[PDB]
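Below is the sequence, then the experimental coordinates.
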Amino acid sequence: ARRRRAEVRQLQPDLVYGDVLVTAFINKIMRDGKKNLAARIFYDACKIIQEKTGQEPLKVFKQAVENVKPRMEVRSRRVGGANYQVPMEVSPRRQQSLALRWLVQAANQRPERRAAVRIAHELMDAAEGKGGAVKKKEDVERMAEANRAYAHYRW
Amino acid sequence: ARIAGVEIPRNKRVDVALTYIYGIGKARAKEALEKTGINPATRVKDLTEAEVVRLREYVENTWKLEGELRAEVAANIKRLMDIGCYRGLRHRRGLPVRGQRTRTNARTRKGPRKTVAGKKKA
Amino acid sequence: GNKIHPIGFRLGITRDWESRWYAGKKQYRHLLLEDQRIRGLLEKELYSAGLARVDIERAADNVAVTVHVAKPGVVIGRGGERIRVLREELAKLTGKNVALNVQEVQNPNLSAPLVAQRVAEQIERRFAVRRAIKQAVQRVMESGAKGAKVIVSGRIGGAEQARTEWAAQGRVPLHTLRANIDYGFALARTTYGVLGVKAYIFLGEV
Amino acid sequence: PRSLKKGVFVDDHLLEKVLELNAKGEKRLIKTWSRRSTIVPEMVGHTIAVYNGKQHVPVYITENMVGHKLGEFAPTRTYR
Amino acid sequence: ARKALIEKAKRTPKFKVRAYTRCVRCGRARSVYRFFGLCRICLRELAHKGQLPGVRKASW
Amino acid sequence: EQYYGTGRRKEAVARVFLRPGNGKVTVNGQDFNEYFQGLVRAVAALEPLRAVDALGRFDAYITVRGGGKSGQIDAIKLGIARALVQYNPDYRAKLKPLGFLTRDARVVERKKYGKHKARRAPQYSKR
Amino acid sequence: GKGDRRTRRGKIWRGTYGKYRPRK
Amino acid sequence: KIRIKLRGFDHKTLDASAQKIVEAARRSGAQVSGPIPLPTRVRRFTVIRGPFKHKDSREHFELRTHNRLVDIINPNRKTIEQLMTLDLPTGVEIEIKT
RNA sequence: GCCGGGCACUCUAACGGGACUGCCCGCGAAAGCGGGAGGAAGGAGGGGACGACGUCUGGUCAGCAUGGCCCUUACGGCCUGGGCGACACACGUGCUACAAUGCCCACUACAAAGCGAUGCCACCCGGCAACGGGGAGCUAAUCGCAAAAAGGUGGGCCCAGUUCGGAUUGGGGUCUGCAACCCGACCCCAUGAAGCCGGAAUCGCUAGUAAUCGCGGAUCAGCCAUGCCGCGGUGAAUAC
Ligand SMILES: [Zn+2]
């Protein structure tokens, strides 16, 4: 992007729940554009939440996301011929993006065999404030105020 | 199940198990139960002592397997080896035999790479 | 190199094919080979006649070769002696019994193919390259033409470093697919080398 | 695992040329380029010289090397 | 294209496997089209002049 | 009596037929759900009906030729839309805001030469 | 399984037919 | 039932020729089905531009062989008068099978 | 959709319409910018073809042509066999995979664009099979290549170097073709390697794109094509 900010792609809500946050999540699971599969993964992964948890998976999903959006991050910068890590306040767009992406990158690392399950479980341990999707969060912020020695440049 | 030449495939499905033998592949196996009646879906461990023997006595008195195949091939190789057979030579050199290229991808017959020196151009 | 033979680019809106007929799969390859054979005589014998184009209408067993000449009083010959020959010398090749029509060229100065040639001969006669070109261009401009242009390959006057002589007037929008610019190409053979003459002539609009 | 369907191929150049050697008994040296041919039991024991890229390597034929072709006995590539 | 191979390749051979194609025009043989009988260079050179009927410039 | 509409999408056409009835979809004589079995976004087809609370008032005799099953969806969807105006033109009022009478050239892009697809250029190593 | 010339997709790739992909 | 096929390279040359057959056919014939396209078959040609070696060049050439049809049911010797020898196009081929 | 019957629709293809910041709001001196609306489509609606004056003494005398020097019983011409495929290695482009968002087998559904006369081959039969014998249709919108594959349902696998992967080698066949040793593809049984996601470094791609999946053609007896040029199926992320 050089001339404009570039308009962001508006997605189609879900056929089931209707939350576009859903659509975003699946897209992230989808590999090789098999969106028909990626959808099943999420669905059956919700069914696991009803049987193992006495709550509505829609809300569960949200609380999970809500809880992984890191609010602080680092951004490399060559200040005086050197790599100074420059903490900075993260925007709503990027938060949403990072969360989903980590929810899945962590998910697939679980010791579990079935994929729908692996996702289901990450969405649970998430809310409770654990797992690894939330660990990749606290690990980031743990770099934020870690070198908050440098928060005096741009922004 | 001490089937075939000194071998014991086990805790696995029948049709899979046999694969484990030098002479048996994903073909001969299913064609050795079609000829018996044993349902492949069952595990080796859940075999009737009788069921087992039937298999054995078949398998051995028909298909050459380990104890005897590894021999026929070994010597088969020497066959043309003993003669000034082209194909033979390829066997001595440890190169491809069926007709591949020797400038690149042939690392399967040579194995580890033997990097040599070259020369400058800069 | 850049550019794209102007003609080949225009057979679509305006400019037809130099041989328009139809064919199957089994006959096309054969037909055409015989076609090209045709020009391989016309070009040779009709040099000095001021040849231009060679339309070719095919049909069943019948065929028609219309030949555009600057100087028909040559192809024809004395009362109809040469055209007689050219037909027999023609059937000798093609066992098709084909006619040969002849259409005088309304102004050889506006016919790119010819124009190019004009220069060519001039270069073989050891003429002056630079001048030969300029004059050429004006010739086209004076009569009609909305745009002219002549180029040359290299070794202008037999130098040791081939160069290119650029020259033109009016417009020559090789990009406007609604031009109708004729394009000729000569090929002079000189003692020191081969040099390539190129015409370009802009005519009309829509 | 190579094959020539139904009808083993041998060049009539030396076939009918080798059989004229059995009427008399045995010979000593034969020379023919055709290496295209498969070896027949009827040739066994003869000493055929087959052409390389430039040379003419003589090849002694045995009972155990009948299933092969002449070319299989002429190395073309000079190596090491 | 040596005259020795053009006029040559035309003569009927002892084996039909041996008969290869050449461009009727250029003499090239690396890659001629059956449909026309010319080298990929010759195809062009003509298509442009318009000497091959119905042969336009593709566009999609 | 008969409400046709015409629905084309990604090199695929869909014959749209809305007869007043109980509310069922017959595609090529087959049960809708039996045809689109396993298709997650299948339900998408019926979005335009559920748009005007008109779910179950019409039947659906629909055909289709060309394209892909996972594009046949959007295909019908549009179709159903176009016939619906026939019944009541004043319908655009809720239709267009949802943008169901739109058609985008999302078509598969010409494969260029030199390349390996539409854009996918081949890679270079030491330049 | 695109190089296992003895599987479904195996023939599909080479475009051949055999004992694993028949003519119906 | 005179089946008339018209294969050609120029759609203008066919269009007209197909019109020429259509006009004097209702004048002396009966009920005509009119001219109908097929299809139309193309012969792509992917050649390289430079005679040297630049795979990435390549010029594209096509050759469309259009197809037209004109049916004439209830054939009268009168109809076959106008359409006997009243043609004009040169790059068009016709074949009739009745 | 087989038959009548019918052109309506799908289509097929030749011509023509349709967007022009024309309208509304705001910013602007104008050009224009932002936003909205009606519209199938918006501000160049998506993609082509299309490359200025010149640059590099770019490439190419092995496509063709051509100045010049060089050979003309040979630097020419026919042929047979060999070689272009050689291997201690090294780099480029790629193909196949390391697996369970998966592999296998089975049943089942949507595509486009191409090509076809001795050619595409329906269909029957023999064979595990490649293939072969037999034989209809097509001169090709009316016949054939053809099965799309991914997908969808059922069931098998259970995390293994494995039902992952298919290299190499043994064996036995089919076909092309004068002839498949050097050096062809294909079938089938057995064999089942490296490889458990890649060092430093490095490429592509801004939307029906990428990723992934199959299909076709040119050349061609056949084929070393995992390449090339097109076709469509599904279908993202992301840009401060
Ligand atoms: Zn040529």
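Cool, the structure landed. Numbering: from 1, shown residues only, chains lettered A, B, ... in the order given.

Show me the strands in chain C, by range?
C:51-58, C:63-69, C:99-104, C:147-150, C:167-170, C:181-182, C:188-190, C:193-195, C:201-202 (DSSP state E).

how about those strands in CSV, adding distance to the ion and mean neighbour count?
From N, CA and C alone the C-beta is placed, and that goes for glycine too. Listed next are the strands of chain C as CSV, based on distance: least, CB to the ion, whole Å; neighbours: other CB atoms under 10 Å in any protein chain shown:
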stretch, distance to the ion, mean neighbour count
strand C:51-58, 20, 19
strand C:63-69, 23, 20
strand C:99-104, 27, 14
strand C:147-150, 28, 24
strand C:167-170, 32, 16
strand C:181-182, 25, 24
strand C:188-190, 21, 15
strand C:193-195, 19, 15
strand C:201-202, 29, 27
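
mind putting the ones you listed in TSV, distance to chain B included?
Rendered in TSV, the data for the strands of chain C read as follows (distance: least, CB to the nearest CB, whole Å):
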stretch	distance to chain B
strand C:51-58	51
strand C:63-69	54
strand C:99-104	59
strand C:147-150	47
strand C:167-170	47
strand C:181-182	50
strand C:188-190	43
strand C:193-195	37
strand C:201-202	53
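
mind listing what the closest residue to residue C:146 other than its chain neighbours touches?
Distances taken as CB to CB, 6 or more residues apart in numbering or on different chains place residue C:202 nearest to residue C:146, at 4.6 Å, with adjacent residues excluded. The neighbourhood of residue C:202, defined by CB atoms under 8 Å, 6 or more residues apart in numbering or on different chains, consists of C:145, C:146, C:147, C:148, C:170, C:171, C:172, C:173, C:179, C:180, C:181.

Tabulate these (TSV), appending distance to residue A:65.
Output for those, formatted as TSV (distance: CB to CB, whole Å):
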residue	distance to residue A:65
C:145	73
C:146	69
C:147	67
C:148	72
C:170	69
C:171	64
C:172	64
C:173	59
C:179	62
C:180	65
C:181	65
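
Just the closest of those to residue H:75, please.
The closest of those to residue H:75 turns out to be residue C:180 (CB to CB; 45.0 Å).

tell me the contacts of the closest one?
By CB under 8 Å, 6+ apart, residue C:180 lies in contact with C:10, C:14, C:15, C:202, C:203, C:204.

List only buried entries from the residues you listed.
C:10, C:15, C:202 (16 or more other CB atoms under 10 Å in any protein chain shown).

how close does the spatially most central residue of chain C get to residue E:43?
Centrality entry for chain C: nearest residue to the mean C-alpha point is residue C:113, 3.4 Å, by CA atoms, centre = their mean. For residue C:113, the distance to residue E:43 (CB to CB, to the nearest Å) stands at 22 Å.

Could you do residue C:135 as well?
Residue C:135 is 37 Å from residue E:43, by CB to CB.

more neighbours, the two?
Legend: neighbour count by other CB atoms under 10 Å in any protein chain shown for residue C:135 and residue E:43, higher for residue E:43 (25 against 15).

Confirm that one sits in a strand?
No - assignment of residue E:43 by DSSP: H, G, I helix; E, B strand; the rest coil gives helix, placing it outside any strand.

Enumerate every residue touching it.
Applying CB under 8 Å, 6+ apart, the residues near residue E:43 are E:33, E:36, E:52, H:45, H:47, H:61.

Please list which of these also come close to RNA strand I.
residue E:33 (CB under 7 Å from any atom of the strand).

Which two of the contacts of residue E:43 have the greatest separation?
Within the contacts of residue E:43, two members stand farthest from each other by CB to CB: E:52 and H:47, at 12.1 Å.

who has more neighbours, those two?
Counted by other CB under 10 Å, residue E:52 and residue H:47 do not tie: residue E:52 has more neighbours, with 27 against 18.

Tell me if I'm right that the more buried one and residue C:31 touch.
No - Residue E:52 is beyond contact range of residue C:31, at 10.5 Å (criterion: CB atoms under 8 Å).

how about the nearest residue to the residue sitting nearest the centre point of chain B, chain neighbours excluded?
Closest to where the C-alpha atoms of chain B average out (CA atoms, centre = their mean) is residue B:22, at 4.6 Å. Excluding its sequence neighbours, the residue lying closest to residue B:22 (CB to CB, 6+ apart) is residue B:66, at 4.0 Å.
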